[PDB]
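Structure, as structure tokens:
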Amino acid sequence: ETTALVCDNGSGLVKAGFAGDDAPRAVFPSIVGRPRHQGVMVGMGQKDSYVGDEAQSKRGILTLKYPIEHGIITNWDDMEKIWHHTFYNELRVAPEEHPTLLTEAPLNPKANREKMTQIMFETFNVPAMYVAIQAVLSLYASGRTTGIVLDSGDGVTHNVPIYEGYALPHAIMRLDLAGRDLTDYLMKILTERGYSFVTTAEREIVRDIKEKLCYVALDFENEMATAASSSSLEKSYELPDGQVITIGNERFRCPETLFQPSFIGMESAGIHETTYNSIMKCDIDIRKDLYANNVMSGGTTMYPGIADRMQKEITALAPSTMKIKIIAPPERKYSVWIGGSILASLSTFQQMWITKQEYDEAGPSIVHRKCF
Amino acid sequence: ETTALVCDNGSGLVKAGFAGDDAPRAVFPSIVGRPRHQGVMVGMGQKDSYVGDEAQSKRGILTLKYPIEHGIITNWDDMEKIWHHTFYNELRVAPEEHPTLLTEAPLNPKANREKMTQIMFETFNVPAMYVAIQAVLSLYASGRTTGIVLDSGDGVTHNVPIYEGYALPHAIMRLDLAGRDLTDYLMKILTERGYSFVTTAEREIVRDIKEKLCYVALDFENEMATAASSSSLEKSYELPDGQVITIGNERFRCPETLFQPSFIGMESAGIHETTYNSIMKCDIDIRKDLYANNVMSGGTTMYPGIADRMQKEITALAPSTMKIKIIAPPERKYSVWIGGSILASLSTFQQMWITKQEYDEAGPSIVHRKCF
Amino acid sequence: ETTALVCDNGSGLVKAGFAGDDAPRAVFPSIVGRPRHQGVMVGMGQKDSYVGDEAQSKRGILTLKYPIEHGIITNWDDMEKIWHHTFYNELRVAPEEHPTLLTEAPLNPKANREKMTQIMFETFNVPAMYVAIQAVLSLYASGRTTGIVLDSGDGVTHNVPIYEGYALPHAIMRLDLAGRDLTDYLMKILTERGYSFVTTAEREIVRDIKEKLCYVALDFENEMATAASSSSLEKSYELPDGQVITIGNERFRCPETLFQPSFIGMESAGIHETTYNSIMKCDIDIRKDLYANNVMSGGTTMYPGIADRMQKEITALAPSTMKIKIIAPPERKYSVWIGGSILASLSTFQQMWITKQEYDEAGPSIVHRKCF
Amino acid sequence: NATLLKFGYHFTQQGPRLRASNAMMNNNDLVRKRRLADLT
Ligand SMILES: Nc1ncnc2c1ncn2[C@@H]1O[C@H](COP(=O)(O)OP(=O)(O)O)[C@@H](O)[C@H]1O
Ligand SMILES: Nc1ncnc2c1ncn2[C@@H]1O[C@H](COP(=O)(O)OP(=O)(O)O)[C@@H](O)[C@H]1O
Ligand SMILES: Nc1ncnc2c1ncn2[C@@H]1O[C@H](COP(=O)(O)OP(=O)(O)O)[C@@H](O)[C@H]1O
Ligand SMILES: [Mg+2]
Ligand SMILES: [Mg+2]
Ligand SMILES: [Mg+2]
């Protein structure tokens, strides 16, 4: 009778809703805004914060902080604010009569999962809660059992291969390059055309520019030459104060950092090389099945050139007698949540919850013996 | 129905079927696989163990164990799994209404035969069972009565001479050098060209390479010189992950261990010397009949150079006034099973079974007083 | 002068010097560094590549590559740079008037040895050169003739048994798990405490942490329980930028991969099981002499708990009526070089060199007919 | 201190960050253990 809750707390956005649905009810940015130190506006008699859409709407007098940096929860009071907002203000529900499903990226600290269990059981006290790996949920939403998931969000980009339901943790790869780094790089490279975005309120404007106008080139040098030749790749964007800006090659130079990290000074390899290295660290008899089942998930995979570019690069790296298939569904931005709704709806999952009695008896360490 | 069952449990493969047929119904590898990685997807019909073709197909996430080593059953729970699989899943039969014929290599421990009798009568309880020597069955399938059988499989290589239906147990020879040792030697010597096969899943790949590309040279030194001169003996093999390897002298260096055991550090003599020594230990008046009737059986005799090499070596060892004839039929991989089907169909054999009443009265020791 | 040179090129370090000494003259890391950023200050003795201690000192602006991976030379230009540095810059000698002794791990590709011979005779042309197995040199430095050598360095871990000067090549074991794999595993497991080491410059920091603070537990489960109970096993390390980190169970979880390879996903057995399997593959009359003469060499054997743990494990595996003795001298990090200095000083070795005339007459293949 | 349960501060260094995180988890577990012991 009790409906289960599915909550996905990424580095940048929170996607929360009810199990059994098709789309999340509440999708809001994972930011906490605090008063600015300029004494311009002191008349707003609040408590001490604004969270979510309210912080974004009032961002002209606020300083915005992200509670999660590179997939790791760094501030826990702000995380409590986010969870309180998504329980009482967005979903409009009382947490004491709904089980909760939470998500976590691979190769995270154990303390993060332990404190998630502790906060969900001692402050927002739920009958049961369960923590799951995001790539397993993405594979659940994709409908298949074997595949390698490239999950790229706002803080991390990780590759996880799974064969017939068994995961290989020694081949799990993690790269600290995601959407926020691309936003910072776009802020850096818009200064070449004379536009100056500095403050955190303008970072959201640059993020909107990136979400609306950027794309991944199939060949980088040819598209750079084409942009240098003619102004056919140039697009115009209207700022909130009515100013109009024009951008050219910056549309495709920004996501190219995902394939050439040295643009921002990182020594690592691109996502295609990382995926190929993750495939090569597995056993020889499963690589063929991983080749045909490259699954893309996350909001950073939403550029309209990335599947063809990934296919071209991986086909260049892999032997010529292999079928390389990139699986990029249109609803892949919320695949983790969709998988969570799938997982929370199974009749065979209802005995795997962690009840409050078990948490009382064992403490905040049963999350390793119960959750993968 | 009472249509007898014929089951041949070798070191590497299981050949099971019904008596009176021409070919075995179920031929599957004798391996048990168990998962070694972490399972993350709930339900989906995951099993704790896999047997036979299913274990071979899913070997990329499994550790594969052979229940039988050098013709001796080392693990009995896995052997029970193999017998349960070959009775209920492959042959699709109920064991309680079918007599069973099993095979065993010469000079095996008595405890192996005793525990085979105990398992067949107390767990998969049959009306009757009979254990036979493999070389006698090979001579049965060849259609003749006099001959010396060289049976080489996956764990053992044994010579048994028989003259007019009488066996000579003092001249029975056994060498613990067979196909699995050649597989291990091929794994060792492929490291010279930079290929590294380590895990048990790659051992099956090396076994496939050996079955497809290896052959026995008529003259070893001349073929080594020919390989050193030109790259005409080199063949290419495609790995499961699309990689292509090239092998040269390793095609004929691997089965040459059967004629020069000192390649793997053994002090024994080759198969030709062992056959000649077995011939010389018999009576003088039957050696001529043994010379004309060399019968080859087993999968290790399937290399396409071995009959001519054996004939050349034995003719070199034997006096020049003798006719040395090697009998290598095309269906010699399943000769033991064919002989078992012949033996179980005879009207003169039906009084030689070991019934359940005899086993109850005598215990698991009548298999020595009844069978050889 | 004709004072022979002894050079040991391992996976991680180069130990070079003159024969007849007690310690190597030049011990330097086997890395080549190349700049990754943009140079703006002209001159100032900037090099396009850096080798050895200079690369390690300037590693904050360099990308470091190891020319040797798992005992196999993967890049040959960098290897030529290393050899040029160790001949002209470190030893300060002219190679054309000094014979050279080089080392190689067992079961390496033949092409590696052939190209080493070709480079030493055609680019740094020596009067003579000789390639030797490292474990034989380790037994040479130990002063005895019979024993089984476990040599574990930065890329390989190999067991070689020798009885009265005769080696048994069929019992030589090789495992591709050594110090660099433990460094990578330590990098992986420090992310559990929130520390992120990604670049190759930070790999040296993690290697330094491993060399200073890690140790092998005598009982793994008891020490894990003790670490979980109290913070008495926790140690602090000061980073190059002044940050202080604290580590607990990671001190002993890192070298435990040498006894439980499944921590990094490998199907193989531990070093104690590998040593016992190497002992069991030899003849029965020499195993007792191998039991009392376990010789440890290499830098991976320098953890201060490994001899007692190896003795306990092997005594658990071996029969109780046997004396198991582990020989771990204090100078075992340079035993191979010491053995090379012993070998190059013998009067009975001077006829076993490969002169330039022999190389001219035979080509780069006499290194197989002369050296093992 | 064994009493403080929440500390609102964005640390810069991972060392103190983890020390703080462990301290808060410890204090909350003291809460848990005394809630378990007082349950007769
Ligand atoms: N259409 C788009 N094109 C490119 N990037 C996008 C698009 N939509 C969203 N993003 C990026 O996806 C990131 C978050 O995606 P998602 O993975 O759903 O959230 P989280 O990372 O919080 O789990 C944001 O930083 C945003 O910049
Ligand atoms: N075409 C072939 N060439 C060489 N060897 C083969 C060939 N086919 C099978 N083998 C070898 O035969 C061995 C098993 O043969 P067989 O005697 O039928 O099984 P078992 O030894 O289990 O009774 C296997 O180890 C395999 O390596
Ligand atoms: N005190 C120590 N404790 C543990 N490991 C060490 C210690 N000193 C060196 N090592 C390891 O030994 C490895 C190299 O040892 P060595 O065998 O001398 O060099 P190579 O492997 O190049 O021949 C390095 O990777 C290093 O991590
Ligand atoms: Mg996410
Ligand atoms: Mg057989
Ligand atoms: Mg070494």
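So here's what we get for this one:
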| read-out | value |
| --- | --- |
| Identity of the residue in segment A:337-364, touching an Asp or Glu at 6+ places or on another chain (Cβ under 7 Å) and within 14 Å of another protein chain (Cβ to nearest Cβ), that ends up farthest from residue A:309 (Cα to Cα) | A:363 |
| Failed item, numbered, when residue C:212 is tested on (1) closer than 30 Å to residue A:261 by Cβ; (2) assigned to a helix (DSSP H, G or I) | (1) |
| Segment D:17-37 residues that are more than 14 Å from chain C (Cβ to nearest Cβ), paired with ones that are hydroxyl-bearing (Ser, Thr, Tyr) and not in a helix (DSSP H, G or I) (beta carbon under 8 Å, 6 or more apart) | D:27/D:3 |
| Any hit, segment A:87-97, residues being of a type in the set (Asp, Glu) and buried (at least 18 other Cβ atoms within 10 Å of the Cβ) | yes |
| Filtered residue count, segment C:348-368, keeping only those that are of a type in the set (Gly, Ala, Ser) and in a helix (DSSP H, G or I) | 1 |
| Some residue of segment B:133-141 being of a type in the set (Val, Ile, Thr), more than 16 Å from ligand 3 (Cβ to nearest atom) and in contact with a strand residue (DSSP E or B) (Cβ under 6 Å, 6 or more places away or on another chain) | no |
| Elements of type helices (runs of 4 or more DSSP H) in segment B:11-127, at least 2 residues being aromatic (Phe, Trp, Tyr), farther than 21 Å from residue B:204 by Cβ and within 13 Å of ligand 2 (Cβ to nearest atom) | none |
| Qualifying residue in segment C:324-346 (condition: away from ligand 6 (no atom under 15 Å from the Cβ), charged (D, E, K, R) and touching a helix residue (DSSP H, G or I) at 6+ places or on another chain (Cβ under 9 Å)) | yes |
| Unmet requirement for residue B:268, which otherwise passes all of (1) more than 23 Å from residue B:316 (Cβ to Cβ); (2) away from chain A (no Cβ under 14 Å); (3) of a type outside the set (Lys, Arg) | (1) |
| Where residue A:202 falls short, out of the listed (1) within 25 Å of residue B:40 (Cα to Cα); (2) away from chain C (no Cβ under 14 Å); (3) surrounded by fewer than 23 Cβ atoms within 10 Å (Cβ to Cβ) | (1) |
| Condition met for residue B:286 (touching a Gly at 6+ places or on another chain (Cβ under 9 Å) and in contact (Cβ under 8 Å) with a residue 60 or more places away in the chain) | no |
| Any chance residue C:194 is away from ligand 1 (no atom under 16 Å from the Cβ), on the phi > 0 side of the Ramachandran plot, free of Cβ contacts under 8 Å to residues at least 60 places away in the same chain and within 14 Å of another protein chain (Cβ to nearest Cβ) | yes |
| Residue satisfying all of: in segment D:3-16; more than 16 Å from residue C:196 (Cα to Cα) and more than 11 Å from chain A (Cβ to nearest Cβ); surrounded by the fewest Cβ atoms within 10 Å (Cβ to Cβ) among these | D:3 |
| Selection count, segment A:300-321, where residues are within 14 Å of chain B (Cβ to nearest Cβ) and of a type in the set (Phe, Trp, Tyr) | 0 |
| Test: residue in segment C:298-319 that is in contact (Cβ under 8 Å) with a residue 24 or more places away in the chain, among the β-branched types (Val, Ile, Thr) and surrounded by fewer than 21 Cβ atoms within 10 Å (Cβ to Cβ) | no |
| Residues of segment A:248-287 satisfying the condition of being surrounded by fewer than 19 Cβ atoms within 10 Å (Cβ to Cβ) and among the basic types (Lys, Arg) | A:281 |
| One residue from B:202, B:256 being of a type in the set (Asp, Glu), outside the structural domain of residue B:56 (by CATH), within 14 Å of ligand 2 (Cβ to nearest atom) and under 22 Å from residue B:12 (Cβ atoms) | B:256 |
| Residues of segment B:271-306 that turn out to be more than 16 Å from ligand 5 (Cβ to nearest atom), farther than 23 Å from residue B:192 by Cβ and not in a helix (DSSP H, G or I), as a count | 7 |
| Looking only at segment A:114-131, and only at residues there that are within 16 Å of residue A:362 (Cα to Cα) and surrounded by fewer than 19 Cβ atoms within 10 Å (Cβ to Cβ), the one that is nearest to the other protein chains (Cβ to nearest Cβ) | A:122 |
| Output for segment B:275-310, where each listed residue is over 22 Å from the mean Cα position of the chain (by Cα) and closer than 18 Å to residue B:252 by Cα | none |
| Meets criteria (more than 24 Å from residue C:20 (Cβ to Cβ) and not assigned by CATH to the domain that holds residue C:177) for residue C:339 | no |
| Single residue of segment B:12-25 satisfying the filter (surrounded by fewer than 18 Cβ atoms within 10 Å (Cβ to Cβ) and at negative phi) that is nearest to ligand 1 (Cβ to nearest atom) | B:25 |
| Count of segment A:213-247 residues which are touching a strand residue (DSSP E or B) at 6+ places or on another chain (Cβ under 8 Å) and surrounded by 10 or more Cβ atoms within 10 Å (Cβ to Cβ) | 8 |
| Residue check, residue B:256 within 20 Å of residue B:159 (Cβ to Cβ) and not polar (S, T, N, Q) | yes |
| Residues that are over 19 Å from residue B:262 (Cα atoms), outside any helix (DSSP H, G or I) and within 11 Å of another protein chain (Cβ to nearest Cβ), drawn from segment C:148-184 | C:174, C:175, C:176, C:177 |
| Filter result for residue B:237 (aromatic (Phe, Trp, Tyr) and outside any strand (DSSP E or B)) | no |
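Results for (1) in contact with a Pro (Cβ under 7 Å, 6 or more places away or on another chain); (2) within 14 Å of chain A (Cβ to nearest Cβ), shown as yes or no for each residue.
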residue	(1), (2)
B:33	no, yes
B:40	no, yes
B:46	no, yes
B:60	no, yes
B:65	no, no
B:72	yes, no
B:80	no, no
B:94	no, no
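In this analysis, Cβ positions are derived from the backbone assuming ideal geometry, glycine residues included, and neighbour counts consider all displayed protein chains. What is reported rests on the model, the rules as stated and the sources as named; none is laboratory data.
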